[PDB]
Every structure is written in C-alpha cells, then in structure tokens.
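Residue numbers (the authors' numbering), protein chains in the order written: chain A, 1 to 428, 438 to 544; chain A', 1 to 428, 438 to 544; chain B, 1 to 428, 438 to 543. A prime marks a further copy of an entry chain.
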Amino acid sequence: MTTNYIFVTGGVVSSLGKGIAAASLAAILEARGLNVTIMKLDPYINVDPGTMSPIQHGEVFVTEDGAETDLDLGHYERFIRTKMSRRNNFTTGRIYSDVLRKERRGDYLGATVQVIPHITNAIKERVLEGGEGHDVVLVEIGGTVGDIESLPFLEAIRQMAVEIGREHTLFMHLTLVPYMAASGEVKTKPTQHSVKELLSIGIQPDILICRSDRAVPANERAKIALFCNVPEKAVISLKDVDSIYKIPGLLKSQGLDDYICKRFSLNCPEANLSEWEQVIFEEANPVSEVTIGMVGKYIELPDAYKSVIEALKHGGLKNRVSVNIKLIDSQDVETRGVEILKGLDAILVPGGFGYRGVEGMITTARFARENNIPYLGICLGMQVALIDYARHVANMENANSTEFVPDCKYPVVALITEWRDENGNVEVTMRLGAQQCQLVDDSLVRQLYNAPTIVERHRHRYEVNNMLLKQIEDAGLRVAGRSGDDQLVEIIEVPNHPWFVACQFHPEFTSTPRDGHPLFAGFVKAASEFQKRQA
Amino acid sequence: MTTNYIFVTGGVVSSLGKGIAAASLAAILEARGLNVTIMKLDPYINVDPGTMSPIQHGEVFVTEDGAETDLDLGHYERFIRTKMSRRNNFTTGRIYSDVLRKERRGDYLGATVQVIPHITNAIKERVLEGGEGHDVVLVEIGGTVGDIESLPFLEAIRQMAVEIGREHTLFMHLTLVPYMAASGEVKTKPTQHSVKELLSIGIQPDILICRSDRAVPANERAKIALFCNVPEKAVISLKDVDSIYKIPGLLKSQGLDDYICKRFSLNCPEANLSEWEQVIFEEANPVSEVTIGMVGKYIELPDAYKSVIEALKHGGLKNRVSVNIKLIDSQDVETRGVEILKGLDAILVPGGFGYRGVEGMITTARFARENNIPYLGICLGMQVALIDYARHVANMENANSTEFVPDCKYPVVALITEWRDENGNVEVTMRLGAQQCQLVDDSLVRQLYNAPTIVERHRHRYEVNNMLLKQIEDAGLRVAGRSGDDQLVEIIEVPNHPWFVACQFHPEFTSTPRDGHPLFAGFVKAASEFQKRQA
Amino acid sequence: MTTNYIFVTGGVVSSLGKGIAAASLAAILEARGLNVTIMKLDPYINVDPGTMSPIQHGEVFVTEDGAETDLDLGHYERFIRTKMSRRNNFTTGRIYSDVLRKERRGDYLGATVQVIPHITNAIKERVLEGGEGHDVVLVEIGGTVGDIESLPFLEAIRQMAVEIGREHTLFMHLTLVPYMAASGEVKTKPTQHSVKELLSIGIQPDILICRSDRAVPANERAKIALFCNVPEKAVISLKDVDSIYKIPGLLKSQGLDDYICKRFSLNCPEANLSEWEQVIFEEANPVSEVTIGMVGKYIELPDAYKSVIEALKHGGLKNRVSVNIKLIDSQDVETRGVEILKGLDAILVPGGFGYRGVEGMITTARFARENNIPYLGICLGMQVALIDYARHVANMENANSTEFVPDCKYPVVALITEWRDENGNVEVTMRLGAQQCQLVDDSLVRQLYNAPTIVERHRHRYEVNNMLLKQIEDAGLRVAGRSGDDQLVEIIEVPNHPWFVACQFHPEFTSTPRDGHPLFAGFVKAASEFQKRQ
Ligand SMILES: Nc1ccn([C@@H]2O[C@H](COP(=O)(O)OP(=O)(O)OP(=O)(O)O)[C@@H](O)[C@H]2O)c(=O)n1
Ligand SMILES: Nc1ccn([C@@H]2O[C@H](COP(=O)(O)OP(=O)(O)OP(=O)(O)O)[C@@H](O)[C@H]2O)c(=O)n1
Ligand SMILES: Nc1ccn([C@@H]2O[C@H](COP(=O)(O)OP(=O)(O)OP(=O)(O)O)[C@@H](O)[C@H]2O)c(=O)n1
Ligand SMILES: Nc1ccn([C@@H]2O[C@H](COP(=O)(O)OP(=O)(O)OP(=O)(O)O)[C@@H](O)[C@H]2O)c(=O)n1
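Here it is in structure tokens:
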C-alpha cells in the first residue's frame, strides 16, 4: 500500500517526552495489525553518539547491525516489535558529512550546494529510506520549534507533506500547558505562541499533544482546538504518569489511533492492548521487594544506564518483585570503603571506559564474591570480576587490563594484538552489534537461556587474554560462553556462589517489558532469595 | 592598537553589490593611512569554489597562496593594496568540515557539538584570524537577511559585537529602496521589514546604505533614519552608477568615512582620493576606441570572465582607448565558421576546461595568426595556440592535448606523467598560486614587463610537452618564458606577427585599475594600431 | 446560492494597485453573468473620509445613499454595474466607534471587550452585511502585510475562511517583483518574505498577483508557484500598463477568472469583454486633440480631482478626442493674471470649499463667458459663474457668497436660512447623495440628457439665493434645472455662448468609460469644435 507519515515535533520546552509519545502511539497502531516503524532526527553536529560522553547524551544504544544510536531507539524496541537499524537515527552532522563527501567527489556536477534544496533533499532521502515498506512511519524531530538547529529538518518534512499529500501525512505537535498557582488554572498561551512558530515556517498542526503535570480540562482543550483550527477530538491531554506503560492506554482512551486510522483511510480492527494491561497489572501487584546496588562511574546522570535500569524493572515484573535501585559511586568505594555496600540484596557493575573508579569496581566484585551476594557484571563489570579472581584467588599480583595499566605483569584483559603472558611471550577494532554466542553445558546461563546458542549485542575493545585464561580456570573460575573463531570468552561464572554471572555483551539492549530477559529475571529472582535468607 | 570591525549585510534582495560597497569603503579608509582588510563569508555548502562551474558561481579567483576563492576577492585586490589569502574567504561547508574533523578526532572531549556555540565559535575564530593585525576589518555576510542559510553567520557576528563592544564594531546594512511609477516616489517599506528582521535576531543597524536606481531624497532618508534610530548622517544614498570607480567618491561626499573614524575614535587625516579621480578622468576622456573579441566557452554568464573583462578595461585606461568587448561563442565558430570573427581589432581566448568548443578556439587562433590580428591567449588560450602551430606549421597531424584526445599521436599538451612522443617513447597535481617566471631576452614580454623575472598566478594541470617542443620550435615558434626546475613553458610568442602572446598563467588576477598590467596594456595598444592601419 | 469571498491583500509595498486589480477581476466575473460586489477596508482611525483633506488623501467619493467614502469606490462603480453604498467601505475608526457605542449601551453585558473576538467579530459582521446577496464578494484590505495597523483585519478574514471553508473563500495576494540592473532579472525574494509574513498570521495565499515594471517571466512564476505551494495557473503576471482598462483583458488571457469559477464550482459562460475592447480601441485611436484647463485650488494633489479627470477622458472616448488636461492654480490667476488661461479649447472649474483662490475662479469664469470659450462649472464652479454674472452683467457690486463674505450686500449664494436681499429683507445643512432634478424644456441640458428628469449626487451647503435670482435671470441668465420643493437652482446656462453650463451636483460620480456622461460628452465635443475654429 501507500506509506503514511506522522511527523512528531515539540514546542515550548525540550524535555516533553517526544520519543515516549511516538513509541506509545506506535504500540497502539501495531496492536491493530499495522506495520509501523519509528525514526529519530537529531540536530547535533556529531556524526553519531559514538563520541558523546555518557554523562552528556545518555547511554549509547546499540542496534543489531552495530550502529551506535541515541537512546530513544531503546524506547522504540521496548514498545514495538520492529527492529531498529542504522537508518532509524541520523544527525545533522551525518547529513552534512554525506553532502560534503558528494560535493568533493563531484556528484553535484559543479552546481552550488545550498541548504535549500540540497540539504533538505538529503534529509528527505533518508526519511524515505527508513520509512518505505511500512504502513505508518513516525518521524521524531529533536529540539524545540523556534530554534536555529532544527530549521532544515522542519523545512524538509514540510516539503514531504506537500509532495505526499494530506491524505498520507500528519503533523503531531507536543506542547506544554503549564499550571499557575496565582491563576488556579493551566495556561494555553505558550501553546498559542508555539503553534504560531509552526505557521511561520509553513506547518499547520493536525494533532496537539498537551503535556502538563495534570489533565488538561476539556474547556482548555476547546480553546486550543479553536486557536489551531483542529477538531476537539484532535486535542489530546497527556498528563504526567507514574508508569510510561500506561501511556498507550491513555492515548487510545481519547481516540488518537481512531483519528489517525480515519485520516489515513486504514481499515483495521480495534487495538488489543491486553499485553500492556498485563504489564501494568504485574507492576502494580508485587509480592516482595528487594534492593539492588548498581556500582558504576556515570551515576551523576542516571540516564547513562537507561536500558540497564529498565531491564532491572523488567526482571521484577516476571518475578512479582519490586526493585529499589540504589546508584553507588564506585569511586566512593575507593575512599570510604566497603561500608557503603552494606544492605544490598544484589550487586550489578555496568559497563564503562577509563581507569577512574575501576579499582572501586574490582573491590566491589571481591566483596560480592566473598560474601555470597548475587552479582551481575556487564562488559566492564565482567573485566573487574576477572581481575578480582586473578588477583585474590589465582595469586596474580597486580593483575589488570592494558587499558588501565599497559605494562602490567598479568594482562588478563587486553586487545588481541597485545596478548602476552607474565614472561612476555606472545602467540604465533571495536566489536559492535549482534553476534552469536555458544553456551557451555552444565552452566547457569545454559539453563537460564534454555538454548545452546544465543544472540547478544557487543560494544567493547578489550577481550579476555586467552594466554592467561587457563591459569585462572585452574583456580576455579568457569567459562560459560564463547563466540566466533578465536573462542573469545563471552560469559564467566563463579561456582560455589548462589548467583555470580558476568558477560561481555550488553544484555540490557534485548530486554523488553513484555518479554523480559532470561538473565535479569534470574538475577532479580536470586536477589529475593538472598533477601528472604535474612530472616 | 585595537582592531575594529565593520560587519556588512544586505536585505530585501541579494544582488545589492555588497562586496563593491565594502571594497569602495575600504579604499577610502586606506586612503586615510589606515591598515584595512576585507573578508567574505559565503553560506554555500561547497568547501571552496574549486568545484563550482564557472557559469554558476562566476570566475574562480586565485590568491597568491594558491587559494580558490569567490570572485569578490578580485574586487578587494582591485580597490586596496592588502593582498588576499585563504583566510579572507570561507564557506559554511568549510566550517562544518572543520568542526566535523575536530569531533571525529575527539577534540571536543565527548561533548555534544551544537550550532550554538560550537558552529558560532568556529565562525568567530576565523573572522578574528583574518582580521587581527589591522585597524579596520570589513566582514561581508553573503545572502539576504531573513533566510535560513546565513543565520549561523549573523548569530556569530552578533556575539562578537557584544564581546568587543560598540566602540569597535559597526553594523552596516545595505537595503533596496525601490521606485514605483504609480507612486512617483521611492518606497521605504521594504527597508522597514528588512531592518525588523535584523532586530529579531539581535542586530541593530548603525549605517543604512540605500540602493536604488536613483538618489534617495533627504526626505526619504529621514524616514529611514527615524525608523532605525540612527542619525540622519548615518543613512547613505548609493544610487546606480555607470562606473564603480566613482563609488569611493560618492561615499566620502556623504561623510561615511568621517562617521566611521569618529565612532572608532581614529585620528587620521582626510582621505586623498586623487588616484580614483585620476582613474575616472582617464576613463571619461578616451582618444580612440577598439573592439576586442573574447572567444570562449562560458559566454552564457559574462561573470565567468570577470577579471579578464576588467583587465581589458584597465589596458584601455593606460592607452586612453575605449574597449568594446564582444563575447563570441567558440562553438559558433565550429558550425558557422570564421565569418563571425570579422570586424575585430584583437582576439583573446581565455582559459577553460573540457573539449567542448576547443576546436573552435584552435580555429580562432589559426585565424588570428594567419591574418595578423593581435592575439592574447591565457591558459587554455595558450594550448589552442600551441595546437594550431603544431598542426598547421609543424605538420603534426591531429596534434592535440591528452585532456581531449588521450591516444593522440602528437600530445603537445599533456600531464608531466604522460609525456611521450609520436613513437611512444618516454623520458627517464593542480598548479595553483603565484610562481616566479624567467623571461627570455629579446622577447616581446621581456620588454613589456621590463624585468628578467616576474610573478604570476597559475590554475591548470596540463603542461607543454617538452618532448615535442623542440620540433615546434624548429618550425618558428618562440619560447618566451620558463619556470621552476622542469623548465615548463610559461609564455610562447609567434614572431613575424604584430602581436601574438600566449601565457600559461592568469595575468588578469594581478591587474588593477590604478596600476594596469603590462601585458594587457601592450595588447590593447596593439589593437588600436591594427585599427588605425585600416584607413 | 452560497456567497463566495475573495480576500485581496498586498505586500512588499503599498502602491500595488489593489483596488484596480479587484475592480478589474470583478469586471470579468460580472461579464460572465455573476452578481459581484466590492468592499474596501481602510486601516485609518478616521471615522470616514469626510474630515480628510482633499490635498492629502484625494477626492471624497459620494455614493447614491449619501455616504462620504474613499475614492476607491469610484474605481468600483467604473468597472461594475453594482451600485456602492455605505456598506462597501469602513475604517478602523468606524469599527472602534461601533464597539465603544455597544459598550456604554451595555450590549456586552459587563464583559471584557477585547481585540479578539469583539473587534474581530465587528469586522466579520460588516463583511457579511455588505457581501450577502451576491455570488462573489471581493474584499480589499488596505495597508501592507507585515504592519500592525491591519492585523485585526487580517485575523478577522482568516476566521471567516475557516467558518466558510476553502470551497467558497480565496486569498489573492499582490506582491512586488522588482528588476535589478546589476542582475538583469526580476527578484522573487521580496515575495518570499512577504508570503512568510502571511503564514505567520495564519493565512495561506491561493493566487499570487505579481506586480512589476515588466512581465514576470514564466520561469520566475514557476519559482514562486512552488514556493507558495500553488498551481502555476494561480501565479499571474501584471506588468505596468498605460491604461487600467486593459487590466480586465490581461487577467482573462492568463485564465484568472477560470480558476476562480473552478475553485467556487461556478458554471457560467465565457467572459464577454467586447465593451472593454471597445474602450481600449477608442483610447488608442483619437482623431483630434484638445487642451482643457482645469482651474481649481487643490491642484497640489492630482488625486483631488480623480473622478473629474477620469470623466474628461471618458468625454474624449465618445468623441474620439485626445483630451490633454492642464491643471491651473486659480490662485495664480489672482497674481499673474488672465494670461495663464491662454491657449485653452475649454475651461472647467471644479468644486471645493474656502475663499482661498475663489477670486481667481471668478476671474476665470468671466474670461470664458466674454471670450466664448466652452465652460463647465461643478458645484463651486457654478457659484463663481453666478457671482461673475451678477457682478459684471447684473451690476451687483461685490456680489459674493456668505461662505466667503457674510455681510456682503448681494449674497447671491447663501444658506437657505440666510436668504436676504440688498435691503436686508427676508422671507415669510449638508445635501448628500442622489436627488431627482427637473430639467427645463428648450434648454441645452434637456437635449443632452434626452429626459425631463435626471438623478445626480450632491455635496454642498450653500444654495442659489432665490430672492436675488429673478434679477440675474432678467439680466440674461437662464435656469435650466431645479430640484425638490424649494425649487433650488441646480443648473444654469448663459445664452449667446457656444457651450456654457454650470451645475450644483457632481456629474463625474456617474460617468463611466463604457457609457460616458451626457454632460462631459457634450463638453469635450464643444472643445473640439472650438479648436477647429482657431
Ligand atoms: N536561538 C537558538 C538558541 C539555541 N539553539 C540550540 O538550542 C539547543 C539547546 O537546547 P536545550 O536542550 O533546550 O537547552 P537550553 O537552551 O539551555 O534550554 P533550557 O534552559 O530550557 O534547558 C542547542 O543545541 C542550540 O544549538 C538554537 O538552535 N537556536
Ligand atoms: N493572537 C492574539 C490572540 C489573543 N490576543 C489577546 O489575548 C488576550 C487573552 O488574554 P489571556 O488571559 O492570556 O487569555 P488566554 O489566551 O485564554 O490565556 P490562557 O489560556 O493561557 O490562560 C485577549 O484579550 C486577546 O485580545 C491577542 O492580542 N493576540
Ligand atoms: N510598524 C509599523 C509601522 C507603520 N505602520 C503603518 O504603516 C502606515 C504607513 O503606510 P505607508 O504608505 O506604507 O507609509 P510609509 O511607511 O512611509 O511607506 P513608504 O515610505 O514605503 O512609501 C501607517 O499608517 C502606519 O500606521 C504599521 O502599521 N506598522
Ligand atoms: N527560506 C529560505 C529560502 C531559501 N534559502 C536560501 O536562499 C538562497 C537563494 O538565494 P537567491 O540568490 O536570492 O535566489 P532566489 O531565492 O531565487 O531569490 P531571487 O528570485 O530574488 O533571485 C539559497 O541558497 C537557499 O539556500 C534560505 O536560506 N532560506
């Protein structure tokens, strides 16, 4: 059929939750049997989030094909079944980098390359590439309407609406309707000025999503409906909610999907939100609760562990366990000591880069292993576990990673190019994306995944030194998973411990609220068993 | 002292002559003993005009250091003594290319690169680099105020005005004051809306340069003065003129330089425009007139030969000769024949690339040589002269250039890598910028330049094949100039002809109206001698 | 029958000619059998042009019902048959005067009166009032888009477009496309910025009228067409012309009327512009030429005599005569003398108010009566003719009007309440609009009109003193027209003269290029015969 497009923009302020709204609406349309997809347009000059620090942009989400993207794609995969790829997230820097490469190559035939139409042509080509092949395509424009940085994005999508037509395009505008105490009522004036910004660039909104700390009354929605020349049913109230999994139900309660299916002339059955109602049911009726400590180095911005924090909540839904996540600075463990790690039913060390705070994570891993506290290490959290076991069990003095101490005697973690031993003898590139992993029989993860092979996503450089691995294995450490040709260690386990698993890949990128994740489900389940054993 | 900046912008329309106004004002300030310089900001995505076709952007001006720049720098060097370089002209594509390279290198330290401040910081760094070291710096912003493409340029210079202060910065805004027949008066309303555009981005004009097909009356300047909150003496009338060399006198007659020197607290004597009054004197009182035919391939846009056409007028000033330049399509010579080249006192073949129309230039060179018509070839015009002489005198059948016929038997013009002969035997990279050339004694150019060595600017790839040169020399052709180590032929001359000179470099880039050029002066002088010999 | 609306605005500059383009477009639709009407929305604070000076704003047009309106209603009546009224022109001052009246009256029930919606509703009420009853209604908005003085007008008609819908509303935008000599081409950038201003206030154009000193090439129109997201048929080129009577044909040749009939779903035959083609042919092929001097006091602004100058040209179309109008300051006749009136085939003294320059008009009328030069006096031009005849034929020393000399012995012109005589004895207030007039048999105007009664429009206060009239009638003067019950003198004629007529009404408000006017046709015809005799 004909591909339909829903352009999503926001005004007044920036942190309106544009991606959450687009993902929630896409879950409704998908629930009606429609083939839906989402993409994100960022107005940054960075070519991709690969260079951005975690404390600035958030987590670096990794798709299946190995693309480093904005974390909004994690929201997309946690709401709809469609798998994101590189074509679902591009930036202004990517556009200019592509146009500049075509010009120097001479593909513009000596013409003068301009913002209009050449930059806008490059944007339309990418929006079409990621969209064509689906029924409805949701395009989220980053930034606030009225700023310089998103003007090429808005002018580009305006040309698509003209060329495609109003029977297959919709402009959905999020706006802020703030409440004033001195007025006792929410205020529509910021929406008035924001919609006037869209008109001055040739965009007429079709749907207004009103964001506020409370429901926007029907009287105030009527003023917005008349000022914007849209039907009253096209003005939706989106109040602040405690759980984002309720937002799909809120939009359907106001007929947002019925208005979109009508405008696009799509004949599809009513949405069946039973799976989202079940997710809300499990979250609202827990049996017990636990406290899991997440010891990392980017705690100053909790969004640096977005998918990890969300996957922990998913492990609680499947076990009916309420999870209280306690962010603990690993550098505080370096100075104040282990005393800060008391009162935890489980310990998780997420990934990261840089030596700052690593020794605090190595001390944290030793504390969880010796005191039989359920432990889950991811990427860097696996390295600090291998370093702890090699030092304090295998008696490898000052064993470390070449990333932190290049001239160490026992480089248990190093690049494949650097593999050596304690004598210096040798043998005779960022890994990104999904890769198959072979699980070892009689291992804990072989039972959790209930499969001989699995597929997880990577983002790391330094690997386990296979030259020093067999000595650590003789000390009791277990290898639970290998991958590829070089038999690189992917998962390690410590027997004689209630639950101690560490993996090289990032399992949080495959966890969803409706399906959970086998690793996090067993990790949270072991946390409640540890808590109950403290009668 | 402290560097002062004059930002030059334009509104209403694009073809206001912003560069002509900035260059004319810089000639006045320089005439007062001030160290002045100019720079041009282009909002194109091209990294430099090196890829733009001549029929689209105009001529590709070449500075001394070898930079391919916008032709507005030709206006700069023809008005002030300061020599332009690469730092006097950059584009939006250059800015983004520099910022993108810094990001991938990691110089931004994992931060999020944004339009503000990172793109605006990159613009301010370049404006300061080309300016610091001078008293007054004129910064011309391309495009029309109110468009998307020049918004980063305007926001960047607005931050410089705040940081530097209003005692060392001035905003000069060119505007259109059109005349309406039904109103019998010029209209100030387009200026009203244009100045409102500047206010909405944080810029208040200090000087209004009113462009119109007639002088803007003092009554209409008063309305503009009040609407813009500027003194009446800051509203200048710039009517359409027959000669751009009169514009320096028009601006000084209205005290534009006195207002700038006062605002900047510069104590300097009154401008002495005697050299510009002398240039206007020579142009207005010619003795005879001639008609010179310029046979090229980019005639559809006369700006493709901007500096060449201007240097021909400079040769007439020094000889008191009025020059009627007749643009003749070389491709018309291919089909209609030589009959179109009748009635010319001189023939000039300028540079170019591509085989289209080259055979018409080869026929044109043969016509000028056989009929004793003064001929001047530049770059490509020199190649077609060498091809003509090798074919029709040296009897080298189908002699050509490898740029046009790669497998020709006599590649008299080819890359140094391709140098071969008629038997195929061999011997045992764009040239850009100024290079020294050694003139041969008893040659025509040795007397015109009156020097053993000269310096001219290059822009070409294909050179004279030194393997086939000595056979052409035996046929009568003369080598007048060589350069560098490889003794590459720079100038050729045909004896037994009143005036026949062809050079590889572009001499039009060094010609000015106040100083002329020795080559063009002798070329135009020989044209009037040919015209007089037709009694 | 659903009434359609065509909103007409303009940008870049003010002097685009919005009214002429609206009247020309209305002439095409009317030529197809449609009932059309035009409106004018002025953003001035003046309640009506009655207070505005002639030398500053132009002529004060008078409709049939007696309304003092902008002169653009003169262009309207000269292009379509529909008669204008008070409902076809209102200003911002009128809107605020209405709203303030309803407020103190208590019609707003103690509510807070605001610009939106109260001021905008008052505008929409008046646009509907003048529009309903027709097929197509053209509403011209004064001012330039982007200025603040016309923002309520633009928001009001924007609300009407939503209520009515795009099936019965159109936005036609006039814009300037200037030519640059340094570029050798016209520039569309001002149109870009002006259209963006329209979008900022919620208006999207449907038709673009490109004004320039030359035809806008099809390449530049296609660039404007896609920038505004309109079909290339909706971008019309309207170059500068030598005669406004060519504009209806120029718009039809580009299919502007067909696009409007299509958008409004109207099925009507092709426009028949045979009358306008005849007007263009007559103007382009004159046989002889005359020079008619217009001696007045408002020559400082030519627009002060807009309909008079236009009616003189219509008198030349009916006679195939090229009329070369020469504006002469009557105050110059006072100082330089009669020598200024030399070399004129006819003399016209228009109307006005104030004693300044009147004595020069009295001298001018005497020069035409004594030298047998065709003369036409309108309103004040009739007073100076009566004053001249009373002084130099009836021997009434210093005969004058009480408007100028209140205590003159012979007040031949005075208010009806002031009527006295030379001894002081007495007998036992604006006139505006159309009033029937009775013509006297065996008179000149009786023949020209070919009717016993006529209807013309008035604008004056001072009448002919009927107490002193019989003495002037005995001296030779003849009364050719009377009106009403008081038998007020409307037309006077001087016998033993080739062509000497003076009337109190304003006949120029009835003249059209297609029908002319009996008075002006005979006036210019007399000038041609006078020119042949010299
Ligand atoms: N006139 C402007 C001003 C700023 N920017 C952009 O605005 C972005 C900042 O967005 P935001 O997250 O809202 O940060 P703040 O401007 O600080 O807004 P707030 O204080 O509400 O957080 C920057 O990327 C900058 O490029 C822009 O495009 N146009
Ligand atoms: N484009 C507009 C629209 C509205 N108004 C004015 O704005 C005023 C409304 O004041 P306000 O108290 O802000 O009304 P609301 O728009 O309803 O404010 P809010 O809903 O945010 O409480 C009205 O008098 C109206 O004249 C205006 O001048 N410009
Ligand atoms: N920001 C402004 C400034 C002016 N005006 C209005 O614009 C009108 C002026 O009309 P115009 O004939 O265009 O005057 P000028 O500005 O002098 O036009 P121009 O000089 O171009 O001939 C005035 O009535 C004034 O109320 C306005 O509404 N908005
Ligand atoms: N809203 C817009 C529209 C266009 N552009 C820029 O405007 C430039 C075109 O400039 P100009 O030389 O004036 O061409 P035209 O738009 O065609 O203007 P005109 O018709 O007057 O020649 C293009 O580079 C384009 O990037 C822009 O920045 N903002």
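For each residue, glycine too, the CB sits at the ideal point set by N, CA and C.
- The region 373-386 of chain A and the region 500-516 of chain A touch, with no fewer than 3 CB-CB distances between them shorter than 8 Å.
- Following the DSSP letters along the chain, one finds A'/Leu327 inside the beta strand (DSSP E) bounded by residues 321-329.
- Here B/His168 has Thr2, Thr3, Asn4, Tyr5, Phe264 as same chain residues with Cβ atoms under 8 Å from its own Cβ, once five neighbours each way along the sequence are excluded.
- By the criterion of a C-beta distance shorter than 8 Å, A'/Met439 is surrounded in its chain by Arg468, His469, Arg470, once the five residues flanking it on both sides are discounted.
- Taking 7 Å as the CB threshold, A'/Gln159 stays off the interface with chain A.
- Environment of ligand 4, chain-ordered: A/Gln114, A/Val115, A/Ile116, A'/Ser14, A'/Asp147, A'/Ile148, A'/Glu149, B/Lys187, B/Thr188, B/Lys189, taking every residue with Cβ within less than 5 Å of a heavy atom.
- When A/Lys479, A/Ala443, A/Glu472, A/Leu478 are compared, the shortest CA-CA separation from A/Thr462 is found for A/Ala443.
- At a cut-off of 7 Å between beta carbons, B/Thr82 makes no contact with chain A'.
- The beta carbon of A/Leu199 falls within 7 Å of a beta carbon belonging to chain B, placing the residue at that interface.
- The three-state reading of DSSP puts A'/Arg468 in strand, counting E and B together.
- DSSP, read as helix, strand or coil, puts A/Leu528 in helix.
- For B/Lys479, the enclosing alpha helix (DSSP H) has its first and last residue at 478-483.
- With a 10 Å radius around the Cβ and a threshold of 16 neighbouring Cβ atoms, B/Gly531 comes out buried.
- For A'/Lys233, no beta strand (DSSP E) segment is defined, and its DSSP state is neither H nor E.
- The beta-carbon distance between A'/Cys228 and A'/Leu250, rounded to whole angstroms, is 21 Å. This is too long to meet the 8 Å contact definition.
- Three or more Cβ pairs drawn from the region 281-293 of chain A' and the region 309-317 of chain A' lie within less than 8 Å of each other, which places the two stretches in contact.
- Counting only Cβ-Cβ distances below 8 Å, A'/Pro286 has no contacts in chain B at all, with the closest Cβ about 24 Å away.
- A/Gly66 and A/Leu348 have their C-alpha atoms roughly 25 Å apart.
- Contact of A'/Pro43 with chain B is not assigned, every C-beta pair being separated by 7 Å or more.
- With the criterion set as a beta carbon lying under 9 Å from some beta carbon of chain B, the region 65-89 of chain A' has no members that meet it.
- When Cβ pairs closer than 8 Å are counted between the two stretches, the region 202-217 of chain B is seen not to touch the region 39-58 of chain B, the count staying below three.
- For A/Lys83 and A/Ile123, the gap between their C-alpha atoms comes out near 21 Å.
- For the region 99-117 of chain A', the set of positions with a beta-carbon nearer than 9 Å to some beta-carbon of chain A reads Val99, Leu100, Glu103, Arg104, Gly106, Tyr108, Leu109, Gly110, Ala111, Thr112, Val113, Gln114, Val115, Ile116 in chain order.
- Close to chain A, meaning a Cβ-Cβ distance shorter than 7 Å, are the following residues of the region 212-240 of chain B: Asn229.
- Taking all protein chains shown into account, B/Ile148 has fewer than 16 neighbouring C-beta atoms within 10 Å of its C-beta and is therefore exposed.
- Contact between the region 161-178 of chain B and the region 43-53 of chain B is absent: fewer than three C-beta pairs spanning the two stretches fall below 8 Å.
- Collapsing the DSSP output to three states places A'/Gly133 in coil.
- Just measuring C-alpha positions, the residue of B/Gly146, B/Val241, B/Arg523 sitting nearest B/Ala21 is B/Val241.
- Secondary structure of A/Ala414 (DSSP, three-state): strand.
- Identification of residues in the region 147-172 of chain A having a C-beta nearer than 8 Å to some C-beta of chain A' yields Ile148, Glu149, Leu151, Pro152, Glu155, given in sequence order.
- The DSSP assignment places 330-336, 358-370 as complete runs of the alpha helix (DSSP H) inside the region 321-391 of chain B, in order along the chain (cut-off: 4 residues).
- Within 9 Å of the CB of A/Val47, the CB atoms of chain A' belong to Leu100, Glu103, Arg104, in sequence order along the chain.
- Among the residues facing chain A, B/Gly10 is not included, as its CB has no counterpart in that chain under 7 Å away.
- Put simply, the CB of A'/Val13 is near chain B, with a gap under 7 Å to one of its CB atoms.
- Among the residues facing chain B, A'/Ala181 is included, as its CB has a counterpart in that chain under 7 Å away.
- A Cβ-Cβ distance of about 6 Å is found for the pair A/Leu138 and A/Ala26, placing them in contact under the 8 Å criterion.
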